[PDB]
Amino acid sequence: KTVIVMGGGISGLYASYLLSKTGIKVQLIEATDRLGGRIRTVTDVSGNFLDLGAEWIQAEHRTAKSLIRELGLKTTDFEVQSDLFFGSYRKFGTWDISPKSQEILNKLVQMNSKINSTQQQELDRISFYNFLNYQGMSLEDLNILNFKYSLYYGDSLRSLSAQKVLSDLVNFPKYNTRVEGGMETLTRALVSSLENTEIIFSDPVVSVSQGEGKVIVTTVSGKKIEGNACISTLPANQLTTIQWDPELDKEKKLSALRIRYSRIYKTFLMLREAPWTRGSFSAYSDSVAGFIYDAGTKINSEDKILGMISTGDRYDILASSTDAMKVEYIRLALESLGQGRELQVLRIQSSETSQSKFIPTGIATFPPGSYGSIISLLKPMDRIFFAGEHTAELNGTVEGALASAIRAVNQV
Amino acid sequence: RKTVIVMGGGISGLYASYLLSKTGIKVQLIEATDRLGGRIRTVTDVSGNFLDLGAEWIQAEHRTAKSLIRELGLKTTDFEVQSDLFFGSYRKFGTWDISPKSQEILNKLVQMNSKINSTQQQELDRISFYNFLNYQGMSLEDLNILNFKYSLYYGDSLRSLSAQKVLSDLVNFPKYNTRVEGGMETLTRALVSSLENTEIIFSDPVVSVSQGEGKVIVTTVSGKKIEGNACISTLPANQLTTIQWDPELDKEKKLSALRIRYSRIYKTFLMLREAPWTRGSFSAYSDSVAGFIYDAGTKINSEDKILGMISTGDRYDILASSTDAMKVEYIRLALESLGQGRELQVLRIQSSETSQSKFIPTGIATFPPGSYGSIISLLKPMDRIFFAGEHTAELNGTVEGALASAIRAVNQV
Ligand SMILES: Cc1cc2nc3c(=O)[nH]c(=O)nc-3n(C[C@H](O)[C@H](O)[C@H](O)COP(=O)(O)OP(=O)(O)OC[C@H]3O[C@@H](n4cnc5c(N)ncnc54)[C@H](O)[C@@H]3O)c2cc1C
Ligand SMILES: Cc1cc2nc3c(=O)[nH]c(=O)nc-3n(C[C@H](O)[C@H](O)[C@H](O)COP(=O)(O)OP(=O)(O)OC[C@H]3O[C@@H](n4cnc5c(N)ncnc54)[C@H](O)[C@@H]3O)c2cc1C
């Protein structure tokens, strides 16, 4: 019994793992020359692990925690105590919106939990930003929320469905747990454990047909792969440019076209000494260096690791920037915090920007009017099942990518 | 003499006020802020050069604008558009276009858009221009080039914008090739100077509008009640949603106002001892913090050189929280990527004011996926309340459109 898995990111890898354990022959088809998709770890010469893709899970992410245990891996706690530079340096723990502004937000979150699907479709016509401004939240408070949500969405609240953001705020992601050896230890552990899996590299899927009890997937090279079932883990843009016979369901196609992938750019600097003056260092800014942090994984490392996460148009600013420019953006952020000292940079690692046709720059974001898109993207098409972070309950997370694989494999 | 209330003193409100005043109607002009002109503002530099911190250019064929400028005894100047691009490498003006295949696809789509019914336009409007053109076979590289080509108008990513709206805009896309002698604020000041029988109320935002018994009653934050036979709103979309209306706005108009996203356009001028460019008619695009940089000088035989910078999107917030030293460095790094890394001899700097965006938008109304019909809804009168401003116009998001919107509203009084 052969099952085709399309895409070798963590959802594809976890699907392949679960299938292979039940004695199914898996045909895993990957567009690029590497497995792991939006997960990528660089081992620095210091022994520190640099997560250029997904770096954190939440302590309560059950799928991830269960798989990490199953595979004999280990997690480390990552303390989140973030300063903010906005107008002035604001110490960690001191810059949230006012308790009364939070009460308005809690009321709207509970309202979205209580209303029916028709009411939710109506609320989804409006951006979270415009909806909160209409409900009397200040521009100042909305800017604070934009920092607080930035490491998840990677884009402005002006871009996002009010309904989706209020839905997400029931159980908002926290980035407080790392995998020992970096997040690519998890992807590699899955790869090391596949049995009876043929992997095709550097050969994107261009067409999918189903009929006569078979799924046939054709790649760019002209290779035809047949199976009893297929699990798509492909990003939304690829669902629309692959040729399907028969055609994707009308709502699934529209839903793939509504998805807007956010733009999350990561830079690590390897430094001679600590540029921060406190433990558990992290800080937000509106500058090109949006979020900087002590990223070190090797607790007794001489070299120090400064991580930078920049979202939105900052991705394109950084993709255009030289290494000296990235160092300066980071030094200016440290200077506004009262540091400024010329950083002693030994090495640099940044995001790869050349294969975004296959590997999204960020996570699926849900603009106004996209209500229902996850349900439509998840819906099976006979023996073609759909997974990926954009199909999950906890969408846009490693947890969600993994949970999506279980949901698809359980249908066969 | 009927009284007409004009809400907002940007160029649409000032032109409405001028038009009404010309026929002898008593106008009550209500402005939220301490200045008239709204998204138009000109700083006069000590060099004699005019710095347009707001709207800078009209198109040669913007007839509403050209006709009014002539009528107020003002003059225009030509602005040559020859824009370089830094994107991977320095690409000289005229050498950077989308692929011929992609240009053919875009030509056919812009043609298709004027030959499909309203059901088809509503369906196309569900998708972003970016995702639609990618689906239709345009490359990421082609879409990044269009993003530069359209940036001085929209001031935001094509990933934000209705496919339908952008295809509809491409039949007559705005070109920025004409400036006003003395800066754009010469026009707003000439309107202010030509008002007769106009009471101007400053620093007193409208908070409620009622209509009944053949009158419109407008109330301000201070509690002033102004009565009129008719009322022209030039207010931006967010203000329509927060003002209390009795009777209430039509559901489609309220939704339309809540769908509008205002782009974020930040402007800086450097006054320099020496030209940092090496050609005449200099301008250049990049993805850097300094998105569009240009020779902005207006004064002939100026010793002092004026470098203008327009930056959009998240660049607005980056710049709003930047020091003057950082702004200079963002501009020097943009010049360095074109081959001019020489230190700048900076005499003075002027930037965007960021503090009144509640009342004065940071950019132009943009129309995301799902916003099909918003302009028609925002324009629609409510008895003797008429709607104007750039977001109600055929050439929405321009000075021309703001001016045209005033004529359409005043004609109905
Ligand atoms: C920079 C960044 C930081 C992140 N940080 C975090 C974080 O800290 N924590 C968190 O929980 N989440 C984070 N996320 C989200 C998380 O990375 C993703 O949700 C998750 O890794 C996606 O897994 P996936 O299997 O759904 O997709 P992907 O990892 O994108 O895998 C899809 C695969 O399909 C392949 N493919 C595409 N098209 C084709 C085709 N035509 N044929 C064949 N193969 C194809 C691609 O090459 C890729 O390998 C981050 C995302 C990014 C980009
Ligand atoms: C930075 C920037 C650059 C631009 N560049 C160009 C360009 O080069 N060429 C071009 O053609 N267009 C350009 N535009 C667009 C152009 O500026 C606008 O289309 C036009 O000026 C808008 O005029 P308006 O009268 O519709 O609105 P505004 O100028 O915004 O006027 C609205 C007025 O209403 C007032 N107001 C708001 N709320 C209330 C209230 N509650 N009560 C009373 N008054 C209130 C405001 O304070 C303001 O004075 C640019 C815009 C910006 C922001």
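So you know, we letter chains A, B, ... as the sequences are listed, proteins then strands, and number each from 1. Hydrogens, waters and symmetry mates play no part in the numbers below; they use all other heavy atoms, side chains included.
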Classify the side-chain pair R38(A)/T361(A) by whether it contains a donor and acceptor separated by less than 3.5 Å. no
Using side-chain heavy atoms (C-beta onward) and a distance below 4.5 Å, is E389(A) in contact with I10(A)? no
Looking at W56(A), I'd like to know if the NZ or CZ of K65(A) sits under 6.0 Å from its six-membered ring centre while staying within 45 degrees of the ring's axis. no
Spacing of CG belonging to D303(A) relative to CD belonging to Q344(A), to within rounding of 0.5 Å: 10.5 Å
Taking atom types as modelled, find out whether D245(A) and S209(A) have a side-chain donor-acceptor pair closer than 3.5 angstrom. no
List the steps, then state whether side-chain hydrogen bond (donor to acceptor under 3.5 Å, both in side chains) holds for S373(A) with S370(A). CA-CA 6 Å; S373(A) 285; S370(A) 67; 4.7 Å; no
Given 3.5 Å as the limit, does a donor-acceptor pair link the side chain of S310(A) with the main chain of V288(A), or not? yes
Kindly compute the distance separating OG (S157(B)) from CG (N147(B)), expressed to the nearest 0.5 Å. 5.0 Å
Is there a donor in the side chain of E30(A) and an acceptor in the side chain of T32(A), or the other way round, less than 3.5 Å apart? yes
Does a side-chain N-to-carboxylate-O contact under 4.0 Å join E251(A) and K379(A)? no
Where the side chain of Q27(A) meets the backbone of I4(A), is there a donor-acceptor pair that is under 3.5 Å apart? no
Just by modelled atom types, is the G53(A) backbone N or O under 3.5 Å from a matching donor or acceptor in the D51(A) side chain? no
Quick check: are there more than 12 heavy atoms from other residues, nucleotides or ligands sitting under 6.0 Å from CD1 of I375(A)? no
Do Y265(A) and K326(A) get their side chains close enough for a donor-acceptor pair, meaning under 3.5 Å? yes
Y135(B) atom OH, neighbour heavy-atom count above 12 within 6.0 Å: no
What I want to find out is whether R347(A) reaches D44(A) closely enough, with some N-O distance under 4.0 Å, to be called a salt bridge. yes
Would you say the side-chain atoms of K252(A) pair up with the backbone N or O of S376(A), donor to acceptor, closer than 3.5 Å? yes
Taking atom types as modelled and ignoring hydrogens, do the side chains of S255(A) and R258(A) form a donor-acceptor contact shorter than 3.5 angstrom? yes
Kindly state whether the ring of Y152(A) and the ring of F172(A) have centres lying under 6.0 angstrom apart. yes
Do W244(A) side-chain atoms and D249(A) backbone N/O form a donor-acceptor pair below 3.5 Å? no
Show your reasoning for whether side-chain hydrogen bond (donor to acceptor under 3.5 Å, both in side chains) applies to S351(A) and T353(A). CA-CA 6 Å; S351(A) 298; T353(A) 64; over 6 Å; no
Please check this pair: side chain of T311(A) against backbone of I264(A), looking for a donor-acceptor N/O pair closer than 3.5 Å. no
Apply side-chain hydrogen bond (donor to acceptor under 3.5 Å, both in side chains) to the pair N228(A) and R383(A), showing each step before the final yes or no. CA-CA 7 Å; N228(A) 171 248; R383(A) 305 282 296 157; 3.0 Å; yes
Should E55(A) and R178(A) count as an ion pair when the cut-off is N to O under 4.0 Å? yes
Roughly how far apart are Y14(A) OH and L402(A) CG, rounded to 0.5 Å? 6.5 Å
Verify whether one side chain among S350(A) and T267(A) offers a donor that lies under 3.5 Å from an acceptor in the other. yes
Between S337(B) and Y90(B), is there a side-chain donor-acceptor contact under 3.5 Å, judged purely by atom types and distance? no
What I want to check is whether the side chains of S202(A) and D33(A) have a donor and an acceptor closer together than 3.5 Å. no
Between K164(A) and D168(A), does the salt bridge (charged side-chain N to carboxylate O under 4.0 Å, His left out) criterion hold? Intermediate values first, please. CA-CA 6 Å; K164(A) 185 70 174 109; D168(A) 291 345; 3.0 Å; yes
Mind running side-chain hydrogen bond (donor to acceptor under 3.5 Å, both in side chains) on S160(B) and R260(A) for me, showing each step along the way? CA-CA 9 Å; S160(B) 290; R260(A) 170 182 189 165; 2.9 Å; yes
Taking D155(A) for its side chain and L160(A) for its backbone only, find out whether a donor-acceptor pair lies under 3.5 Å. no
Using modelled atom types only, decide if a donor and an acceptor are shared between the side chain of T397(A) and the backbone of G400(A) within a distance under 3.5 Å. yes
Donor-acceptor pair, side chain of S193(A) and main chain of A189(A), under 3.5 angstrom: yes
Does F87(B) have its ring centroid less than 6.0 Å away from the ring centroid of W96(B)? no
Let me confirm one number: the CG-CG distance from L106(B) to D142(B), rounded to the nearest 0.5 Å. 9.5 Å
Does the gap between the ring centers of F132(B) and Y130(B) come in under 6.0 Å? no
Point-to-point distance, once rounded to the nearest 0.5 Å, from OH of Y285(B) to OG of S151(B): 4.5 Å
Point-to-point distance, once rounded to the nearest 0.5 Å, from CE of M183(A) to CD1 of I57(A): 6.5 Å
Does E70(A) pair with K21(A) as a salt bridge, N-O distance under 4.0 Å? yes
Is a donor on one side and an acceptor on the other found under 3.5 Å between the side chain of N48(A) and the backbone of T297(A)? yes
